[PDB]
Every structure is written in structure tokens, then in C-alpha cells.
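Contents: one structure, followed by commentary.
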Amino acid sequence: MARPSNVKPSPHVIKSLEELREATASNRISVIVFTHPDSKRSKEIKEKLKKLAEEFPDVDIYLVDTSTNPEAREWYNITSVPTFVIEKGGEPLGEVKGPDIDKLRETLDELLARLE
């Protein structure tokens with residue numbers, strides 16, 4: 001993953017293991033979020049992250065379903081479905097566990113100025 005492909009703001013959701021591990025290898029700014037269709041009352045805060053795309057659409061934000069990457073969960077033992085994973089240059093840079101859509105603007109920021 002060297003040349004450009006997906007960066008601009010637009011709908012793009014994976015659907016396979018390779019697609020996941022691949023997106024993590026990319027040397028761009030991608031925010032992987034774990035979430036599955038199993039909560040009607042919940043998933044309300046989702047809009048929060050959706051709106052963030054406006055403040056800075058330069059970043060790509062997609063959703064991931066364990067249905068395709070189940071082992072991934074146990075891979076790091078996740079307790080908070082709504083997790084936030086950030087990669088860079090094809091490697092783990094950081095990770096957060098908890099509802100902090102507001103503070104999330106500080107995790108990707110420090111990682112943004114670095115690249116751009």
C-alpha cells in the first residue's frame with residue numbers, strides 16, 4: 001500500500017479479513033471502529049462520530065463487523081464493543097477503550113499533524 005486509493009469523505013465498509021489487515025497496513029489515517037448490528041437502543045452516539053466527518057472529512061472513518069473478523073476480537077480481548085483503533089505506516093500507534101467522541105479529536109489530531 002503506497003499509492004492513493006481511498007481518502008476523501010465517502011461510504012466505504014469492508015467485508016472480509018484480508019480487507020481489514022490490509023487497511024491496517026495502509027500508510028494513511030484510518031480510524032477502525034468495532035460495531036455490529038445488535039443494539040437498537042444503543043448505537044445512538046454513532047451520529048457523534050458521523051458528524052465529526054464534517055469538522056475534518058480529510059480522514060476516513062468506516063465501520064467493521066466482527067462477523068467477518070471474529071478472531072480479531074479475541075486477538076486482543078476486547079470488552080468495549082465501541083472501540084477506537086488507529087494505525088499509521090502499517091502498524092499500531094494507539095488505542096482507546098471508552099465513549100470519548102470528544103476526546104477522539106485529540107487522538108487523531110496528534111497523529112494528523114505528524115503526517116500532514
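Identifiers in this document derive from the order of the C-alpha cells: chains are assigned A, B, ..., residues are numbered from 1 separately in each chain, and ligands are numbered from 1 in order of occurrence.
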
Would you please extract all strand (DSSP E) residues from chain A, as assigned by DSSP on the backbone, and give them as a list in words? residues 30, 31, 32, 33, 34, 60, 61, 62, 63, 64, 83, 84, 85, 86, 87, 92, 93, 94, 95, 96 and 97 of chain A

Could those residues be written to a file, using N, CA, C and O atoms, as a tab-separated table (two decimals), in the first residue's frame?
```
chain	number	residue	atom	x	y	z
A	30	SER	N	-6.52	6.12	9.16
A	30	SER	CA	-7.78	5.37	9.19
A	30	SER	C	-8.18	5.05	10.62
A	30	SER	O	-7.37	4.60	11.43
A	31	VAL	N	-9.45	5.29	10.94
A	31	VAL	CA	-9.97	5.03	12.28
A	31	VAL	C	-10.91	3.83	12.27
A	31	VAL	O	-12.09	3.95	11.96
A	32	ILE	N	-10.37	2.67	12.63
A	32	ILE	CA	-11.16	1.44	12.68
A	32	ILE	C	-12.07	1.42	13.90
A	32	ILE	O	-11.62	1.61	15.03
A	33	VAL	N	-13.36	1.17	13.67
A	33	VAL	CA	-14.33	1.12	14.76
A	33	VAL	C	-15.06	-0.22	14.77
A	33	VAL	O	-15.61	-0.65	13.75
A	34	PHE	N	-15.07	-0.87	15.93
A	34	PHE	CA	-15.74	-2.16	16.08
A	34	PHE	C	-17.19	-1.98	16.49
A	34	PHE	O	-17.49	-1.35	17.51
A	60	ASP	N	-10.61	9.20	6.93
A	60	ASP	CA	-11.56	8.16	6.56
A	60	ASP	C	-12.07	7.41	7.80
A	60	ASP	O	-11.28	6.96	8.62
A	61	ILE	N	-13.38	7.29	7.91
A	61	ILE	CA	-13.99	6.60	9.04
A	61	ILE	C	-15.02	5.58	8.57
A	61	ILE	O	-16.07	5.93	8.05
A	62	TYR	N	-14.70	4.30	8.77
A	62	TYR	CA	-15.60	3.22	8.36
A	62	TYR	C	-15.92	2.32	9.55
A	62	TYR	O	-15.30	2.40	10.60
A	63	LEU	N	-16.91	1.44	9.36
A	63	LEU	CA	-17.32	0.52	10.41
A	63	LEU	C	-16.89	-0.91	10.08
A	63	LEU	O	-16.78	-1.28	8.92
A	64	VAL	N	-16.65	-1.70	11.12
A	64	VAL	CA	-16.23	-3.08	10.95
A	64	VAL	C	-17.13	-4.03	11.73
A	64	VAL	O	-17.51	-3.75	12.87
A	83	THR	N	-14.99	0.36	20.27
A	83	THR	CA	-13.57	0.66	20.44
A	83	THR	C	-13.05	1.54	19.31
A	83	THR	O	-13.70	1.67	18.27
A	84	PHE	N	-11.89	2.14	19.51
A	84	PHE	CA	-11.28	3.00	18.50
A	84	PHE	C	-9.82	2.63	18.27
A	84	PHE	O	-8.98	2.79	19.15
A	85	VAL	N	-9.53	2.13	17.07
A	85	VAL	CA	-8.17	1.74	16.72
A	85	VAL	C	-7.59	2.65	15.64
A	85	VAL	O	-8.25	2.95	14.65
A	86	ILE	N	-6.36	3.09	15.85
A	86	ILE	CA	-5.69	3.97	14.90
A	86	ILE	C	-4.35	3.39	14.46
A	86	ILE	O	-3.53	2.99	15.29
A	87	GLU	N	-4.13	3.35	13.15
A	87	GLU	CA	-2.88	2.82	12.60
A	87	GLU	C	-2.13	3.89	11.82
A	87	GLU	O	-2.67	4.97	11.55
A	92	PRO	N	0.45	-0.47	14.63
A	92	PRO	CA	-0.34	0.09	15.73
A	92	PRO	C	0.32	1.32	16.35
A	92	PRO	O	1.49	1.28	16.73
A	93	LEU	N	-0.44	2.41	16.44
A	93	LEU	CA	0.07	3.65	17.02
A	93	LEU	C	-0.58	3.94	18.36
A	93	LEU	O	0.06	4.43	19.28
A	94	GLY	N	-1.87	3.63	18.46
A	94	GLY	CA	-2.60	3.86	19.70
A	94	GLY	C	-3.93	3.14	19.73
A	94	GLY	O	-4.31	2.47	18.77
A	95	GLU	N	-4.64	3.28	20.85
A	95	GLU	CA	-5.94	2.63	21.01
A	95	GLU	C	-6.68	3.18	22.22
A	95	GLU	O	-6.07	3.50	23.24
A	96	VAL	N	-8.00	3.29	22.11
A	96	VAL	CA	-8.82	3.80	23.20
A	96	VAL	C	-9.98	2.86	23.50
A	96	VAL	O	-10.51	2.20	22.61
A	97	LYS	N	-10.37	2.80	24.77
A	97	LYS	CA	-11.47	1.94	25.19
A	97	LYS	C	-12.46	2.71	26.06
A	97	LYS	O	-12.31	2.79	27.28
```

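Interatomic distance, CA of residue 101 (chain A) to CA of residue 28 (chain A): 20.5 Å.
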
Residues at most 10 Å from residue 67 (chain A), counting only C-alpha atoms, excluding those fewer than 6 positions away in the same chain, as a PyMOL selection string? chain A and resi 15-17+35-37

Based on the selection just made, write N, CA and C atoms of those residues as a PDB file, in the first residue's frame.
```pdb
ATOM      1  N   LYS A  15     -15.585  -6.041   4.247  1.00  0.00           N
ATOM      2  CA  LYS A  15     -16.411  -7.238   4.365  1.00  0.00           C
ATOM      3  C   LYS A  15     -15.564  -8.498   4.227  1.00  0.00           C
ATOM      4  N   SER A  16     -14.416  -8.512   4.897  1.00  0.00           N
ATOM      5  CA  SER A  16     -13.515  -9.658   4.846  1.00  0.00           C
ATOM      6  C   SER A  16     -12.312  -9.444   5.761  1.00  0.00           C
ATOM      7  N   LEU A  17     -11.626 -10.532   6.089  1.00  0.00           N
ATOM      8  CA  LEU A  17     -10.456 -10.465   6.957  1.00  0.00           C
ATOM      9  C   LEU A  17      -9.312  -9.724   6.274  1.00  0.00           C
ATOM     10  N   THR A  35     -18.103  -2.530  15.696  1.00  0.00           N
ATOM     11  CA  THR A  35     -19.530  -2.426  15.980  1.00  0.00           C
ATOM     12  C   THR A  35     -20.337  -3.355  15.081  1.00  0.00           C
ATOM     13  N   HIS A  36     -21.363  -3.980  15.653  1.00  0.00           N
ATOM     14  CA  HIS A  36     -22.215  -4.894  14.901  1.00  0.00           C
ATOM     15  C   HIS A  36     -23.689  -4.584  15.143  1.00  0.00           C
ATOM     16  N   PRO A  37     -24.542  -4.987  14.189  1.00  0.00           N
ATOM     17  CA  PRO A  37     -25.989  -4.761  14.275  1.00  0.00           C
ATOM     18  C   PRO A  37     -26.644  -5.612  15.358  1.00  0.00           C
TER      19      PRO A  37
END
```

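Nearest residue to residue 9 (chain A) among A:82, A:57, A:98, A:89 is A:57, counting only C-alpha atoms.
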
Region 69-71 of chain A environment, 8 Å, only C-alpha atoms, sequence neighbours closer than 3 positions dropped, as a PyMOL selection string: chain A and resi 16-17+20+65-66+74-75

Which residue is closest to residue 26 (chain A)? Choose from A:73, A:3, A:105, A:114 and count only C-alpha atoms.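 Selected residue with least distance to residue 26 (chain A): A:3.
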
I need the residues of chain A that end up classed as helix (DSSP H, G or I) by DSSP on the backbone, written out as a PyMOL selection string. chain A and resi 17-25+46-55+70-76+104-107+109-115

Computed interatomic separation between CA of residue 21 (chain A) and CA of residue 1 (chain A) (Å): 11.5 Å
